[PDB]
Amino acid sequence: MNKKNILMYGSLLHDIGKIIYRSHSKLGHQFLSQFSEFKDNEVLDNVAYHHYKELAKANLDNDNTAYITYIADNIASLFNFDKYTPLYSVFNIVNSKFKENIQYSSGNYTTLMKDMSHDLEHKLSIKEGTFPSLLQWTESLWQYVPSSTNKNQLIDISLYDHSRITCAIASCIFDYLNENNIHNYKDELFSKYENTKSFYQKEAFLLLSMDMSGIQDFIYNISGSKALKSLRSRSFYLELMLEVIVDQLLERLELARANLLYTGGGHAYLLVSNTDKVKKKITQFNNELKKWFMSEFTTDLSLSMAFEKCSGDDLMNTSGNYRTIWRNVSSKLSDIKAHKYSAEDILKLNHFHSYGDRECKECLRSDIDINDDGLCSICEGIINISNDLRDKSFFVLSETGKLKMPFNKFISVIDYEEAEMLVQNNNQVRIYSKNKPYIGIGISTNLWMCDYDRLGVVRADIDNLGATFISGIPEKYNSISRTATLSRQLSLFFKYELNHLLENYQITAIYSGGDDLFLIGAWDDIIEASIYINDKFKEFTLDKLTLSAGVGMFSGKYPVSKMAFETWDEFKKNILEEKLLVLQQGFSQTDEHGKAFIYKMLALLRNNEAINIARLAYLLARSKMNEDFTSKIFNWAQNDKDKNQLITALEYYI
Amino acid sequence: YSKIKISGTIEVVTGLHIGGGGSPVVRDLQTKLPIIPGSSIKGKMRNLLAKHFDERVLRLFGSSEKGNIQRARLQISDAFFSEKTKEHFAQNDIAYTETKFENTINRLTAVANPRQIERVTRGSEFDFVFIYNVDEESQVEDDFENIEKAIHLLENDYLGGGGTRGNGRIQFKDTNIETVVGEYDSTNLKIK
Amino acid sequence: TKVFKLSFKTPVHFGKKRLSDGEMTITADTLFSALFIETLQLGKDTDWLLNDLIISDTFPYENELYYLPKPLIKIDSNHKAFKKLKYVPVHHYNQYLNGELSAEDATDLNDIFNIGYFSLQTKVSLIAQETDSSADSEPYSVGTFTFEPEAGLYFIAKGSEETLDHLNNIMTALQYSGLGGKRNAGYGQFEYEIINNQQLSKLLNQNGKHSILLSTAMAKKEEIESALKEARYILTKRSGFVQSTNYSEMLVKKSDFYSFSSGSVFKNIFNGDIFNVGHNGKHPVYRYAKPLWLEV
């Protein structure tokens, strides 16, 4: 096995034994010492020797992955562990629990043990490129397993999060040490505590970040009759371009899928090594990507990538410099965004007189070349993927496909059986999903995307997301792993609950992710679901994160590219809950009160003059509604706030 | 090369109804005062004058869809309430816009189906501005004759919806014609 | 070097890509085009008004406040409110460059930014077979913008005195034709006033090491290497059609061109140039790229 891969497999399971005890190092080693697939001695050594007391007498070689696994645990992170400790949600601590005085039980861990033995016996196999599968299984299995159950520590970190960050860190460490011509890790690191602190301060990591330039305009120049079918696929397409870009990058750097920490909007974040070759490769890849985008769009989309040197000592939130490097990489990203092209680039750019046809009615774009029936090529593929997005759920990176990808690649759609056939074919494919878990078919990458399906449109943004992502919890929990887990929770919510909750609403999910919620549907349904989503968020954020949202009513068949640019408890309790219901009951009780009667009411209210108050009184008198109903309307009209509220309620009434 | 300016007022003898929102009427999303979008004027004028007969229409309003480029010779803007109508109505406390109740009868059922149409008030005045860029000195007289006929037709016809059903008759008053670009005389051009 | 201020009293549609798209401000390209074609309609001599006139992009104004677009300088702190802001009043223009503008100050300014609103007008078309025989009408949409009674647009121009007089005459003549988009449809007339703001005049009359490109420009072939040395800039694709050039309008359309946006900062000043975007036409078609710098 590749020593890097041995590192990967061992690190990923270094702290597994806790779950067995909760049903240490030695417990994990014995348990993992039972399995034909995973019986590698060095992988077992990583698990058996991840504690200092164990490393003291392990008598391992000067070049051992166990030492790297140990430093990974330390960088990622009196000691009475309660097996019944519940995991706590960070969201409270952000602006200062799961399954409220709840407590776990022993039998749950035993159940997981059975599950893990089963999936180890039948689902998992070791090979040159099977780490991703193992990581997928770990993620699916441990997502609410507490990592540290120390009573004196604020328990909010997943065992899965612990494992992933540790593996990423260790991989980084291995690359950095090997490239620095260092092999005697026992003496390079473990020799002295001062030597360990020297390595902590030694810049060994780069934080790398990526950003699409042109989100809004390219997502939003749609005018055709397939507005839903177009937009639903466009959002997915840009997202998948991001996904394929990042995956290609991770492949090139020979790094693991664990090393991705967050994706969203056009942003993505990774922890990579601080070596020269890595930087050259980053240079080459960046140039290539820019070449591809320019060969493609030339303004509409671009990728800017920026990286910053760092030592894990700051990753330990030692001086609060983790937030500083995050802000530095954000400023660096904006600097790359400013300088997008060179002199020769634009020199070619402004000199390209080409015989072209006209704009694709779907694609408000002239540069791309229509062929037949005013239809180009890339747009045509967008319509095709939209038709197959709902029924088919599996996507494959193939050399021949209907969708053009940046790295001279193509995307197609398949079934679960076709994906199994590709495993037998042993083709260079990756599986991209519709939130499909427990698959275990070849490279089963469960990518997250929420596909659920006058008009109403609601757009929402997290208000305090800039501060939450960087400052988050001040001075004591700004660990890289910890903000990662915060990101993870937010991501999983915004990509899973958005699927689940939408069940009862006549809504199609158009754009969800990062902090952007772009939903369209039926006006009444849109308003109701928006209320539902606000309440559900306030539950899941424990009232710690807030959202600002707007709903606008637009005529059908409008160009949605123009609708989008158009776009609480007060609204819920007072207007909808109080006024709307009583008005509805009254109009239920008294018929003939059509839009004529209500419209006269509207006229009476809209002209705010006292004589109009008298007129409203008389008109109410001519009705036959119960005296209490008419008197309530009259009293509401007297108050400016209550009149504005009644007006809004009745406008909703129609 | 000269431009001739034609401004005046148009009076709603029977209530007007454009309704770009539609049963609303065109307004400003701020002033909330009725306007008559000029393009509507242009469309009605063109339909009428073309129905009077073609080159002349192309000369007047411009199409450039048959490969022949001529460019519009007439610019018609929307109009607004004059200050006069606003002050009179505020003084007399008259609403600007009427809501007419309508009804429709099914046959073989004889049931009633209520309807609502928002009409501009009778008697209000709109200040309109036309601009005629005389690109050919030796044709302008002809053109104005044509524009005259167009105006004349509109005088006995309607704008907007339901015009068969009894709304949209307008009138033209206080038309004055002035030259504002170039040095071309306009003391003999006449429009009622 | 006078500046012109514009009032419309009737909404005008600008537009970027589609007729239903609406804008508040236009770039120097459109203005140069319109002024040029108005000269051609007047038929005067273009060479004088070809290679001597320097124009800024259009800029919105309010009752008594004049603004400039946001310079893309690197400020080191919040990085949220500053992103949402586009325009800065002259009062604190140099203050922002220094860094005196506070986050709450930005909040306040953005709050005052109510200088017009956007709207969609629906229009129907019965020139089709709807009236001729059995067919349906053709609704379509336009986007229009209604400036406040004391709101509109202004540009900053410089050149010789004779150039300024000619521009004065052409501007008067154009006053009555339109600008923006559906001119003939009833949008975009204007009456203008020439006002000299002492403060803005000072703003144009500074001297510094940086310089803010106020127009839509792009250096020649042989200057770009030395121009792009240290800059912060945005490229802005300019496409569009042309008027009374060749047989088929839908066949005629100037090639997509690129220029820097109007908030870029440059170290090495470059003169720009009026580029031909012409091909397969009966005359050359001019697109404008020449800078007016505010030197600070």
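Residues numbered from 1 in each chain as written, not as in the entry; some residues may be left out. Chains lettered and ligands numbered in written order. Part of a larger assembly, values for the part shown. Heavy atoms only, no water.

Caption draft 1: The arrangement of the interface of chain A and chain C in detail. Across the contact, 34 residues belong to chain A and 29 residues belong to chain C. Taking both partners together, chain A and chain C bury about 2800 Å²; carbon and sulfur atoms supply 56% of that area. On the surface where chain A and chain C come into contact, there are 1 salt bridge. A salt bridge links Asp300(A) to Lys237(C); the nearest nitrogen and oxygen atoms lie 3.1 Å apart. Our count for the contact surface shared by chain A and chain C stands at 9 residue pairs in polar contact. Those elements that place two or more of their residues in the side of chain A that touches chain C are α17 (321–338), α18 (343–350) and β10 (455–462) of chain A. When the residues that make up the side of chain A that touches chain C are grouped by side-chain class, the tally is 11 nonpolar, 10 polar and 13 charged. (Contact = heavy atoms within 4.5 Å. Buried area = accessible area lost by both parts, 1.4 Å probe. Salt bridge = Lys/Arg side-chain N within 4 Å of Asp/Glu carboxyl O. Polar contact = N/O pair within 3.5 Å; in protein donor to acceptor, adjacent residues only side chain to side chain. Helix = DSSP H or I, 4+ residues; strand = E, 2+ residues; numbered from the N terminus. Nonpolar A, V, L, I, M, F, W, Y, C, P; charged D, E, K, R; others polar.)

Caption draft 2: View of unusual backbone geometry. Here the phi dihedral of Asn59(A) falls at roughly 55°; this positive angle occurs in a residue that is not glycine. Mapped onto the elements of the fold, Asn59(A) is located in the loop between α5 (52–57) and α6 (65–76). When its relative accessible area of 63% is taken as the criterion, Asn59(A) is described as exposed. The phi angle at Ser244(C) is positive, at roughly 60°, despite the residue not being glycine. Along the polypeptide, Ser244(C) turns up in the loop between β12 (235–240) and β13 (254–260). (Buried < 20%, exposed > 50% of the residue type's maximum accessible area, 1.4 Å probe, protein only.)

Caption draft 3: Fine view of the sheet that holds strand β17 (residues 293–294) of chain C. Residue and element names in this part refer to chain C. As summarised here, the arrangement of the 4 strands in space is β11-β14-β10-β17, forming an open sheet in which the pairing is antiparallel. Of all strands in the sheet, those with a lone pairing partner are β11 (231–232) and β17, marking the two edges. Sheet topology note: the strand β10 (residues 211–213)/strand β14 (residues 265–266) ladder contains 2 bridges and is antiparallel. Looking at β14, one finds that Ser211 is bridged to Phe266. (Pairing = 2+ DSSP bridges.)

Caption draft 4: Inspection of the packing of aromatic side chains at higher detail. If you walk through the whole model with that rule in mind, you get 47 aromatic pairs over all chains. Taking the centre distance of 6.0 Å and the plane angle of 45° together, the rings of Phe4(C) and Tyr192(C) count as tilted. Of the two residues examined, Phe4(C) and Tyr192(C), each falls in the buried class. Cluster of aromatic residues (ring-pair linked, three or more members): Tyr262(A), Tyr269(A), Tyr322(A), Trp326(A) and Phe469(A). When the ring centre of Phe218(A) is taken as origin, the NZ or CZ atom of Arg234(A), which lies over that ring, is 4.5 Å away. The cationic tip of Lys5(C) hangs over the ring face of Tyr61(C); the distance from NZ or CZ to the ring centre is 3.2 Å. (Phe/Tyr/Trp six-rings, centres within 6.5 Å; stacked < 30°, edge-to-face > 60°. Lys NZ or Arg CZ within 6 Å of the ring centre and 35° of its normal.)

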